[PDB]
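Asker: Residue numbers (the working numbering), protein chains in the order written: chain A, 1 to 144; chain B, 145 to 308; chain C, 309 to 471; chain D, 472 to 617; chain E, 618 to 722.
Can you keep this structure in mind? I'll have questions shortly.
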Amino acid sequence: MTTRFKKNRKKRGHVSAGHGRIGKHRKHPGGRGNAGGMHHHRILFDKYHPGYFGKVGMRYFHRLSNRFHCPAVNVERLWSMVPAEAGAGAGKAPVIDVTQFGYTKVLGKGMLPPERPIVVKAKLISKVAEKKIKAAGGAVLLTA
Amino acid sequence: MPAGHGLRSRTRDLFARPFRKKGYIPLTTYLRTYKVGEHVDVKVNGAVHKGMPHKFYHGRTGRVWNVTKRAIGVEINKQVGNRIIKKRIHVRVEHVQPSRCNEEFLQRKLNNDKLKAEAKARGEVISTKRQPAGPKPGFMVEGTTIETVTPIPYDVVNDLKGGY
Amino acid sequence: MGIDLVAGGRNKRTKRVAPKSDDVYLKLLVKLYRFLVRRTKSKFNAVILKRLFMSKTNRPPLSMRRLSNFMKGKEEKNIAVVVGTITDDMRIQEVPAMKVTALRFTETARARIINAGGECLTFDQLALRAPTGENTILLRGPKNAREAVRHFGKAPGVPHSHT
Amino acid sequence: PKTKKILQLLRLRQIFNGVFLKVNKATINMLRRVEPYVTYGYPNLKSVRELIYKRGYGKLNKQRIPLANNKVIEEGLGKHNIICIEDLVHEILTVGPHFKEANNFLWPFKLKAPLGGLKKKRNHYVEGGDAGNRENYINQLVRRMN
Amino acid sequence: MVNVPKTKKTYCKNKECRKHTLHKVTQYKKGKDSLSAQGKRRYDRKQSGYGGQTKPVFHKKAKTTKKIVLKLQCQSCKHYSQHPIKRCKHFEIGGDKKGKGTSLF
RNA sequence: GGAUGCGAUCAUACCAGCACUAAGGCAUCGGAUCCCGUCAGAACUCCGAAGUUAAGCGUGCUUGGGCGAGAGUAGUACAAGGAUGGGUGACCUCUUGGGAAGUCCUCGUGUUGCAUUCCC
RNA sequence: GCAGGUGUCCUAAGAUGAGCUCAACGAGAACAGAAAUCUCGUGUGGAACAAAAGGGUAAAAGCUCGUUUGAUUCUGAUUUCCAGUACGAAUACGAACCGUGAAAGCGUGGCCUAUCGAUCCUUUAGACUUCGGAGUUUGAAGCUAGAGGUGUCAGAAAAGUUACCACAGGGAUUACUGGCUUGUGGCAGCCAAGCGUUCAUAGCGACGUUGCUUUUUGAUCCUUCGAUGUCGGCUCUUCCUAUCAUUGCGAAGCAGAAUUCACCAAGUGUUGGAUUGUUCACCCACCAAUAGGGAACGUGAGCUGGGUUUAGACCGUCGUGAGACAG
RNA sequence: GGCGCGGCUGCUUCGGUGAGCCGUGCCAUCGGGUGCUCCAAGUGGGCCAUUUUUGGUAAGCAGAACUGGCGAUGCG
RNA sequence: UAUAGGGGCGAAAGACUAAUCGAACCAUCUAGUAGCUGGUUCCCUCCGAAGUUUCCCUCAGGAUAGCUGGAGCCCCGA
RNA sequence: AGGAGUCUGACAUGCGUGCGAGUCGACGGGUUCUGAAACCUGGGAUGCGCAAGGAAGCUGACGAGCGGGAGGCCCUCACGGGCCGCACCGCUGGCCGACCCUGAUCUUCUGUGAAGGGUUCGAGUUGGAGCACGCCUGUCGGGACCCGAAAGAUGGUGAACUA
Numbered sequence: 001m002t003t004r005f006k007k008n009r010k011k012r013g014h015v016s017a018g019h020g021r022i023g024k025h026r027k028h029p030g031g032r033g034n035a036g037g038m039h040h041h042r043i044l045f046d047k048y049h050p051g052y053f054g055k056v057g058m059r060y061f062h063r064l065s066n067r068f069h070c071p072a073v074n075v076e077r078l079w080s081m082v083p084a085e086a087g088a089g090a091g092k093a094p095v096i097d098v099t100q101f102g103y104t105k106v107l108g109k110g111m112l113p114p115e116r117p118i119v120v121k122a123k124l125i126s127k128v129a130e131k132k133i134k135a136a137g138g139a140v141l142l143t144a
Numbered sequence: 145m146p147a148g149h150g151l152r153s154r155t156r157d158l159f160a161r162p163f164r165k166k167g168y169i170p171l172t173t174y175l176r177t178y179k180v181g182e183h184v185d186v187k188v189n190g191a192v193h194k195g196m197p198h199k200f201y202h203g204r205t206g207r208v209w210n211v212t213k214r215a216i217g218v219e220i221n222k223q224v225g226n227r228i229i230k231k232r233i234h235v236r237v238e239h240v241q242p243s244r245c246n247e248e249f250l251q252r253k254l255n256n257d258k259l260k261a262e263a264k265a266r267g268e269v270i271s272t273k274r275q276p277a278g279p280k281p282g283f284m285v286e287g288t289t290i291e292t293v294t295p296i297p298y299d300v301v302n303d304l305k306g307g308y
Numbered sequence: 309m310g311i312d313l314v315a316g317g318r319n320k321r322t323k324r325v326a327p328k329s330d331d332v333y334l335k336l337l338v339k340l341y342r343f344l345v346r347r348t349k350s351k352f353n354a355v356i357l358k359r360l361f362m363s364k365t366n367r368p369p370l371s372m373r374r375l376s377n378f379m380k381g382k383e384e385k386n387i388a389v390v391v392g393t394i395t396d397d398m399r400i401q402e403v404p405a406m407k408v409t410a411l412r413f414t415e416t417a418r419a420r421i422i423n424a425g426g427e428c429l430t431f432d433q434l435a436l437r438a439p440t441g442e443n444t445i446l447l448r449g450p451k452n453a454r455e456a457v458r459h460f461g462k463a464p465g466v467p468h469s470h471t
Numbered sequence: 472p473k474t475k476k477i478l479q480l481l482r483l484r485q486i487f488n489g490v491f492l493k494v495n496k497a498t499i500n501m502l503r504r505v506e507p508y509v510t511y512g513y514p515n516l517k518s519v520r521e522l523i524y525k526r527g528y529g530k531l532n533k534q535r536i537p538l539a540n541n542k543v544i545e546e547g548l549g550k551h552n553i554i555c556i557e558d559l560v561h562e563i564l565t566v567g568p569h570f571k572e573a574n575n576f577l578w579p580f581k582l583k584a585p586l587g588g589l590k591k592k593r594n595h596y597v598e599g600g601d602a603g604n605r606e607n608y609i610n611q612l613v614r615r616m617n
Numbered sequence: 618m619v620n621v622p623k624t625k626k627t628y629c630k631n632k633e634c635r636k637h638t639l640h641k642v643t644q645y646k647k648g649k650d651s652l653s654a655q656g657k658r659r660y661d662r663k664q665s666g667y668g669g670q671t672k673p674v675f676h677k678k679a680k681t682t683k684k685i686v687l688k689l690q691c692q693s694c695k696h697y698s699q700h701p702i703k704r705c706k707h708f709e710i711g712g713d714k715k716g717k718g719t720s721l722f
């Protein structure tokens with residue numbers, strides 16, 4: 001059988017949720033909210049990839065710790081940081097380095113696995129209760 | 145009318161007892177407690193009204209898998225139709241009978257191995273049976289449990305019974 | 309005749325040279341194994357052959373990590389047989405040595421293994437200098453791993469219960 | 472289909488297939504869900520020679536190449552005893568050490584249709600038919616099925 | 618129909634006691650109103666005077682048959698619970714009293 | 001050889017009938033102020049020995065009707081597999097593997113596990 | 001398909017523990033028959049358990065008595081639901097929390113075998129979350145859980161006519177011819193109670209019983225719905241036999257004689273009219289007698305066109321009405 | 001599968017026990033009829049015979065069960 | 001020479017409005033939409049059906065298993 | 001003679017190939033042939049990934065084997081066992097958010113946060129991935145293999161027929 005509307009099956013993806021069954025994710029409300037306005041984005045990278053690219057990250061200066069072991073501001077290591085509201089460091093998988101990471105947010109089990117002598121650094125915007133008191137100073141970076 | 149499985153429907157052995165089994169059952173059955181890997185029948189006493197499975201299960205032999213308080217979980221496999229899975233049944237010991245066949249067997253195994261030890265220190269029969277056993281690596285079991293519960297979802301009886 | 313024997317015609321037929329290997333250099337490699345296999349001791353090369361015919365559901369990425377814990381000096385730095393390819397994903401200061409043999413590696417993996425020790429070997433140089441294919445570890449898959457068995461379709465797919 | 476499954480268990484996958492079976496009531500309870508569909512019985516030592524000679528075929532590790540001259544003296548496996556023709560025919564019908572598993576033939580006799588026919592197929596031994604158990608007449612029937 | 622006491626003892630659900638105390642039974646309806654809901658979707662979506670899917674108010678309807686229909690309100694803490702399904706109708710209450718036993722009269 | 005406690009096998013453990021736990025290894029029995037209780041110690045129950053073996057508990061026997069179990073006696077019904085086997089037909093039938101049943105005889109008016117452990 | 005139940009009713013018709021054990025029959029009690037009540041004896045599941053059926057159970061699961069609240073909250077392995085599919089339901093836990101109870105324990109709703117409702121919204125519960133410079137009130141939005149409609153019960157908001165019709169299809173399904181069946185119908189055999197003054201069988205013949213036909217009716221749904229022209233009639237050919245007459249027969253309650261029943265037998269005959277569309281049938285005179293039954297109810301590329309059976313219309317009946325009727 | 005050694009645990013008297021777990025050693029008539037994954041098909045309307053049926057006088061009836069065939073299978 | 005499409009005109013039948021009327025004709029939307037009927041064009045090979053079950057405004061369909069088949073991967077089973 | 005799986009999107013796949021914890025290139029310019037197009041390059045675009053939960057705050061570890069069973073070695077070699085060892089599947093249990101409970105050190109605005117457990121849900125290891133195009137196959141879509149009805153709607157053209 002065919003007319004491809006008698007064996008086909010059917011026309012548009014319905015009889016499928018209501019009364020026949022399988023498939024979509026189906027039957028909805030449910031949360032909805034926030035709008036298209038006050039919305040995303042928070043950029044997030046786990047500290048094991050900065051540890052990939054410590055040795056090859058030779059645009060980030062080494063300093064008080066040995067030459068492998070670098071201060072690096074993570075805001076200027078995260079692709080698509082500039083259209084994001086803040087850059088956060090996530091805590092998965094090891095760090096075997098003596099780094100100094102600068103972030104706009106850090107996890108609590110994000111400092112803790114690279115406790116292994118570190119200085120974990122808030123940027124001014126991490127607070128974010130820090131004084132843009134008309135004044136002058138600090139800023140967010142911009143690039144494509 | 146659609147078919148079902150009226151869980152209570154057709155029940156005469158499954159709830160009636162012979163003349164010789166009527167009246168209250170002695171509490172020793174109610175008291176009996178089993179160990180894991182015991183083989184036990186499921187077959188209701190009809191004169192106990194609670195802790196029963198759903199009646200279709202009766203006359204199947206199961207393995208005691210684990211226990212929850214008062215009633216026990218016994219593992220069984222359903223039968224006939226298509227692709228059928230192992231299922232676990234919650235039953236109190238009032239409907240669950242120890243297998244005498246399995247005790248007899250356990251005994252017949254020991255008898256066999258008393259002889260195996262005797263006949264391998266001064267005796268001869270077989271030879272070939274001595275060559276397998278001695279090699280083996282063992283043991284227990286749940287790989288081969290999944291092996292069991294995949295062909296008993298049976299093949300050719302399923303297609304044979306799938307049209308008529 | 310029987311019905312049994314008809315079912316006997318219905319076994320497999322697994323058999324395949326894959327539809328294309330567009331790479332000529334793979335295409336010659338996949339034949340070589342049926343001449344060499346029945347002509348040496350090498351069961352391993354005979355296994356690699358099936359797995360470099362048939363499928364993409366079969367062709368392996370192996371990470372330097374997935375070599376690295378798994379080779380760990382207690383089969384003492386043998387020759388590691390990776391049917392498909394190595395991938396570059398680890399930093400430890402990686403492998404304890406190593407002779408790794410594969411169809412393909414990435415350039416970063418090629419660079420990092422040879423500056424740890426041994427050689428990143430190609431499978432043909434392996435067939436020349438290890439024709440017996442013994443003291444060798446077949447390491448490994450995957451497509452059999454976490455993502456994706458039957459976990460397809462949209463939003464999936466699940467332990468199961470239902471899907 | 473239950474009996475057809477039993478014809479396979481004895482291996483018997485076509486008409487005029489044959490397989491040798493052993494000594495029991497238990498085997499003949501098994502056989503007597505198959506009785507109307509088979510004929511059976513003891514063929515003598517010579518009639519097993521002049522059937523092993525006629526209709527024997529080769530083993531696995533190759534195909535079949537057969538139980539012809541060369542290839543039973545020198546070929547055929549055997550780990551139990553000497554595999555060779557004359558020797559095997561005595562060992563199988565003398566029924567001793569590992570000779571219920573020397574049968575384990577290679578694997579069905581492919582019999583010729585009988586010479587001059589049956590007396591009719593739909594009938595048992597009692598009524599002058601072919602089906603069922605009969606020592607005498609099996610050795611007649613296999614020497615027709617050449 | 619049912620004797621149900623208006624005054625009963627029960628367990629609390631609520632996390633300030635999380636133990637047993639005196640509770641008061643009452644049958645409940647209000648409705649809303651101040652309009653943010655379905656009521657708005659209708660006000661707007663009239664749209665040629667069409668009430669439309671504001672009616673499933675009918676079928677002409679009638680089968681009769683409930684569940685218990687309660688909220689039991691603590692007289693010693695204000696934390697208090699509704700109850701789970703089993704089958705009633707209709708329901709009597711008043712301040713109870715009682716289906717009193719026993720009678721000689 | 002065994003009465004007294006707690007139980008297993010739960011129609012071989014009954015209905016009925018005839019001897020026996022017993023001069024210091026029981027129940028009937030007596031006091032009921034009493035705990036306890038009832039309407040009322042009758043039951044219930046604190047207390048307890050004068051009687052009793054007469055019982056109940058239970059011990060030797062009685063098969064009588066009951067029945068488990070079995071022995072002969074009814075291979076009869078019934079049914080699985082297979083038949084160019086018969087019959088107008090409902091039906092029968094051979095073969096292959098199986099086979100209750102009533103009567104009579106019989107065994108049986110317990111058996112078993114833990115206790116307190118006793119007269120000889 | 002048979003048989004019959006549930007869409008309720010219950011804070012005690014639940015829980016537990018101590019304590020008791022029947023229904024019922026005999027015997028006894030002035031009056032009381034319905035007579036309870038009170039007593040004794042016998043009394044094993046026949047009683048009792050709200051409610052179908054069924055099955056279960058005797059210091060109970062049944063009875064009696066007191067107390068009690070667990071018909072508490074939250075969670076669920078798993079069975080049923082369904083072999084993997086939801087709500088429901090069960091069968092248990094653990095966590096929290098109580099009871100009774102000597103306590104061990106029992107208690108996760110109703111002897112058991114298990115006794116119902118998603119989805120938006122609304123309702124409330126508890127705590128917490130949230131609504132775009134800060135700051136502060138108001139509501140909103142929301143998580144988790146329970147109750148309010150869906151008995152078209154795995155969830156629509158919901159009456160008819162068409163004979164003015166139309167369309168896509170179906171012989172998947174009717175009327176209808178055919179085919180199967182043959183209860184119904186027609187006819188027969190057997191048996192022979194019985195009646196015929198007496199006499200079963202001149203004749204008549206019940207009950208019961210076995211058949212044959214396929215020509216009434218019923219049943220079925222195999223055949224056709226890209227089409228099988230309807231009933232009745234007419235004319236025209238042919239046939240069957242269960243024979244109405246005629247030929248030849250047998251019996252008689254065959255004296256003649258009209259006859260009565262039956263045998264063989266299909267060659268030839270079997271009509272003309274009055275009413276009705278009628279088939280059928282009623283009637284009239286006829287006649288030797290005016291037989292029945294098939295051939296696609298023989299017969300519309302023959303006829304006819306009265307009925308049936310379109311579109312118009314009336315009456316009666318029904319319907320608020322359109323409109324409907326085996327009128 | 002069975003045993004021993006050693007640790008740890010449980011439920012249920014400051015009480016008795018096994019079972020579970022981990023670790024370590026020891027000792028033991030058939031014959032590919034076959035597992036798992038992805039993606040797709042007509043369906044998602046049958047028939048008959050045999051056996052066992054239930055309704056129906058019955059039916060080339062209706063409606064099940066158990067099976068073999070037709071459908072989709074020639075040839076005699 | 002008026003009156004034009006649920007409008008006209010009708011001594012009203014659903015009559016009549018250019019051979020078309022229980023809603024004219026034309027062109028367009030438009031390649032409507034059809035759980036329905038029909039048809040859908042080269043060779044061969046390996047295996048080879050289902051006409052069943054739950055749900056479903058469901059029974060001339062969907063849906064989901066059941067019945068199949070390919071393609072890969074591995075080395076028990078009566 | 002004409003006459004029916006078309007077109008490409010999405011979502012899911014099969015088969016293949018390049019790089020592989022990112023890959024991925026428009027638009028401009030630069031430049032030949034060519035209306036084409038190509039090549040370099042900034043690299044738009046910021047997917048799917050790279051890790052997750054959920055209303056919302058805001059938080060966020062990767063160690064283990066056990067069994068079967070690939071294979072090497074030791075040996076000792078007719079046999080043969082012992083060890084590791086990882087594929088892969090089955091089986092075990094801890095973790096990371098969410099919920100619920102106990103929370104030290106203590107900070108002492110305020111609350112963060114070691115230890116530990118229950119519970120389901122999703123996540124992480126021995127269950128570590130992709131992207132890209134091509135070629136496939138499906139689904140849904142747009143007329144959606146092709147034909148096939150009566151229709152309903154808009155705007156015009158008809159009273160030379162007929163009322």
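A virtual CB, placed ideally from N, CA and C, is assigned to each residue, including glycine.
Spell out whether any CB of chain A is found under 7 Å from the CB atom of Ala315/C.
Answerer: By one-based count along the third sequence, residue 315/C stands at place 7. With 7 Å as the cut-off, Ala315/C does not count as an interface residue toward chain A.
Asker: So which of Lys280/B, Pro170/B, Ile220/B, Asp257/B has the shortest CA-CA distance to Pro197/B?
Answerer: Working through the second sequence from its first residue, we reach residue 197/B at position 53. Ranking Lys280/B, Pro170/B, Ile220/B, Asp257/B by Cα distance to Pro197/B puts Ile220/B first.
Asker: So, helix, strand or coil for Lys260/B, using DSSP?
Answerer: The residue you call residue 260/B lines up with position 116 of the second sequence. DSSP places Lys260/B in helix when its eight states are reduced to three.
Asker: Identify the continuous alpha helix (DSSP H) that holds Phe352/C and give its terminal residues.
Answerer: Locating residue 352/C in the third sequence gives position 44, where the first residue counts as 1. First-last of the alpha helix (DSSP H) with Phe352/C: 351 to 359.
Asker: Skipping 5 residues on each side, what residues in its chain have a beta carbon closer than 6 Å to that of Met111/A?
Answerer: To locate residue 111/A, count along the first sequence from 1; it is residue 111. Result list for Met111/A: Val120, in chain order.
Asker: If you run the structure through DSSP and keep just helix, strand and coil, what is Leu689/E?
Answerer: Residue mapping note: residue 689/E aligns to position 72 of the fifth sequence, counting from 1. In the structure shown, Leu689/E sits in a strand (DSSP, three-state: E or B).
Asker: Could you work out which residues of chain D lie near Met309/C, taking near to mean beta carbons separated by less than 8 Å?
Answerer: Here residue 309/C refers to the residue found at position 1 of the third sequence. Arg484, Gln485, listed in chain order.
Asker: Using a Cβ-Cβ cut-off of less than 7 Å, list which residues of the segment 16 to 30 of chain A approach chain C; keep chain order.
Answerer: For the segment 16 to 30 of chain A, which is checked against every Cβ of chain C, the residues closer than 7 Å are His25.
Asker: At a CB-CB cut-off below 7 Å, which residues of chain C make contact with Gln479/D?
Answerer: As a position in the fourth sequence, residue 479/D is number 8, starting the count at 1. Correct list: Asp312.
Asker: Taking a contact to mean a Cβ-Cβ separation below 7 Å, would you say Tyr48/A touches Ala93/A in this structure?
Answerer: As a working note, residue 48/A is residue 48 in the first sequence. As a working note, residue 93/A is residue 93 in the first sequence. Yes.
Asker: Against chain C, which members of the segment 51 to 72 of chain A pass a CB distance test of less than 7 Å?
Answerer: Within the segment 51 to 72 of chain A, the residues whose Cβ lies closer than 7 Å to some Cβ of chain C are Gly51, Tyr52, listed in chain order.
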